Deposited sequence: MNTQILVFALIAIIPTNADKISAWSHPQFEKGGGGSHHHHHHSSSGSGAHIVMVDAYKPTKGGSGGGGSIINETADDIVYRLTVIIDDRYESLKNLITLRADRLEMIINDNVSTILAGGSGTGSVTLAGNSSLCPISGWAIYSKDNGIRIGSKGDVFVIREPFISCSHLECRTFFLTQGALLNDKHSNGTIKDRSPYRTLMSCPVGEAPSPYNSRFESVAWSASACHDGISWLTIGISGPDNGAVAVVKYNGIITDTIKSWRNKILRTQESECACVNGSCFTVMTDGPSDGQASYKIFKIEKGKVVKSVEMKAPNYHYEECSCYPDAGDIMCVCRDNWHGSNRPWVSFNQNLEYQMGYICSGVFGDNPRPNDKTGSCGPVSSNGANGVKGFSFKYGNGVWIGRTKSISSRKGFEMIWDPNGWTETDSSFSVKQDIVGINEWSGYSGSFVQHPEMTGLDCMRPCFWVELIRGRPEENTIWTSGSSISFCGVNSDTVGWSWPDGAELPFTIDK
């Protein structure tokens, strides 16, 4: 006993997250964090970032993000550089803190990324390399533990949000192939950073990108982005053996952006305004769905949470509850799910939470640069309120003039 407990004592945790509880009952969303990254970066030394997803360990939640190694208001924030560049790096800082070289931990070299914590150590996945042969480097506790190479030679890419950990194994989804047609999609089961299983989904006429995956009662649910021909979001669920089912959110409250106005939906891809999209998320609650989506159907502007009690399986456009998150005239962007496990909260259920990226700059504003700040909310079964928590930076910046 002494010997095993002293080893245990000697930031690595002891027990894996079980991932065996279901989502907590909730009525609304309480605001969890806001970093004011771009407002602070007007003067401070703050990274130009994209995709600030959140993921929690046993002691804290962190914001992971991609950066081009350039600071706001610096000449290198110039958007002349391709998103999939050799300078792109995945890094992480505490939630609610501005992403700075003075507070950000380096995680990986990556222009596409995922990260999660199995209760013992951080798993990070960072994809770099050329478009025709990218490699995901898989680190566990900061040590490289595996690699995954592109298998269709067409931009290997992954979640841009947290992977999902259940009972010592973490799960993620990756896409290889075009972003405007049929592609190839793989589910990976990874233990201690070592890929122990993977399956290629037989998903003809489906399209999966930038999956928001969360654990629920031992299984994993991913709600993703159909960039090909879908204005509703696709989903794939699977158990710990990668036995999977697939579909699209049936609700007529369409979840992607761009999208048509709400009307009768489909449990397959809604082709109207289906091309393009945005990373997003949803929480399945029985046959209902908590949908997070932009307010504008044409631009990435505004954000709302919508409870549709039958949205997972019924095609009508009716719902019960709308909670405002970002006002319709304010910029939003990518959004993603993250969870807080009972091991961290002491609750008996999986707490659902989500983050919203607030994009400022190009293409929609007269700057040389593009960046995002971050807000995030957690679902609670107590009183909540809608509002607008936008980015609030006054553009353009000094570097733009």
Practice item. Give the ranges of the deposited sequence, numbered from 1, for which the structure holds no C-alpha coordinates, in sequence order. Key: 1-106, 117-120
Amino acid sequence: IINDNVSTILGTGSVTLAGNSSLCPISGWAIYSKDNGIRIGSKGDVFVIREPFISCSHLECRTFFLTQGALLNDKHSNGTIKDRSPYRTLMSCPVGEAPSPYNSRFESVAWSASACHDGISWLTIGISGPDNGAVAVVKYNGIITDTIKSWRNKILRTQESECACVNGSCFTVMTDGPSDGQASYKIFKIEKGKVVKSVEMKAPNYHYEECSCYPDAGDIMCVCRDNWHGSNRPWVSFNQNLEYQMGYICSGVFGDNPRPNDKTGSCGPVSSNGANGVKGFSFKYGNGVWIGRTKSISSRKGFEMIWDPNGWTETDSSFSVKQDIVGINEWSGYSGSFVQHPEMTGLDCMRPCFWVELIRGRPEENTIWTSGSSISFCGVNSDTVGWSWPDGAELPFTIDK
From here on, numbers count along this sequence of modelled residues.
Check your understanding: Should the higher mean CA B-factor in the entry be assigned to 90-98 or to 313-321?
Key -> 313-321
Review point. Quick one: higher average CA temperature factor, 388-396 or 16-24?
Key: 388-396
Revision key, fill the gap. Entry record, C-alpha B-factors for 194, 293, 76, 197; the maximum is at 76
Practice item. Kindly indicate the residue among 305, 270, 163, 110 with the greatest C-alpha B-factor in the PDB record. Key: 270
**Study point:** residue 349 by Cα B-factor - lowest, middle or highest third of the modelled chain
**Key:** highest
**Study point:** Record-listed C-alpha B factor of residue 37: chain third
**Key:** lowest
Point to revise | Third of the chain's Cα B-factor distribution that residue 280 belongs to, per the entry | key: lowest
**Study point:** Modelled-residue ranking by C-alpha temperature factor, third containing residue 236
**Key:** middle
Review point. Is the Cα B-factor recorded for residue 141 in the lowest, middle or highest third of its chain?
Key: middle
